[PDB]
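Colleague: Let me begin by handing over the structure; questions about it come next.
Residue numbers (the entry's author numbering): 1 to 113.
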């Protein structure tokens with residue numbers, strides 16, 4: 001942390017109406033976070049655990065919109081395939097974070113122990 005902050009950057013999002021969300025039958029607002037290998041999303045009671053963490057590798061494509069941030073989830077996922085939408089303005093960050101990791105894992109050689 002020579003510049004300022006490396007990680008630990010969460011983003012408040014709201015469950016919006018979507019074909020996918022429907023199946024999930026979600027309600028309320030959850031927390032959005034970007035991990036190293038997969039995505040992070042807390043919801044349960046404190047402290048909390050990652051249950052919606054989607055594996056980037058699977059994420060074929062994704063897009064961020066100042067108005068709303070969404071992405072395309074593949075198959076064989078906890079939540080399921082479809083298009084999820086998150087209510088946030090700083091979405092720009094959320095996206096970048098993902099790329100940062102996807103690029104990092106490669107930036108450095110093969111992680112061993």
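Just so it is clear, CB atoms sit at the ideal spot from N, CA and C, and this is done for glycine as well.
#1: Three Cβ pairs or more, each shorter than 8 Å: is that satisfied between the segment 77 to 92 and the segment 8 to 28?
#2: Hey, how far is the Cα of residue 29 from the Cα of residue 2?
#3: Can you tell me which of 38, 66, 76 puts its alpha carbon nearest to the alpha carbon of residue 98?
#4: Helix, strand or coil for residue 23 per DSSP?
#5: Give the straight-line distance between the Cα atoms of residue 15 and residue 113, rounded to the nearest whole angstrom.
#6: Check this for me: beta carbons of residue 10 and residue 26, under 9 Å apart or not?
#7: Give me, in chain order, the residues of the same chain whose beta-carbon lies closer than 7 Å to that of residue 104; leave out the 5 immediate sequence neighbours on both sides.
#8: Tell me the residue span of the beta strand (DSSP E) that contains residue 85.
#9: For residue 102, collect the residues of the same chain with a Cβ closer than 7 Å to its Cβ; drop the 5 residues on either side in sequence, then sort them by chain order.
#10: So residue 32 is in the alpha helix (DSSP H); what residue range does that whole segment cover?
#11: Taking Cβ to Cβ, would you say residue 116 is nearer than 9 Å to residue 51?
Modeller: Reading from the atomic positions:
#1: The segment 77 to 92 and the segment 8 to 28 touch, with no fewer than 3 CB-CB distances between them shorter than 8 Å.
#2: So the alpha carbons of these two residues sit roughly 33 Å apart.
#3: Per the Cα distances, 38.
#4: Reduced to three states, the DSSP call for residue 23 is helix.
#5: Between the alpha carbons of residue 15 and residue 113 lies a distance of about 38 Å.
#6: Cβ atoms of residue 10 and residue 26: not closer than 9 Å.
#7: Around residue 104: no qualifying Cβ.
#8: Per DSSP, residue 85 belongs to the beta strand (DSSP E) from 82 to 86.
#9: Only 56 meet the Cβ criterion.
#10: That residue, residue 32, is in no alpha helix (DSSP H); its beta strand (DSSP E) goes 29 to 34.
#11: Shown here, the chain extends from 1 to 113; a query on residue 116 therefore has no answer.
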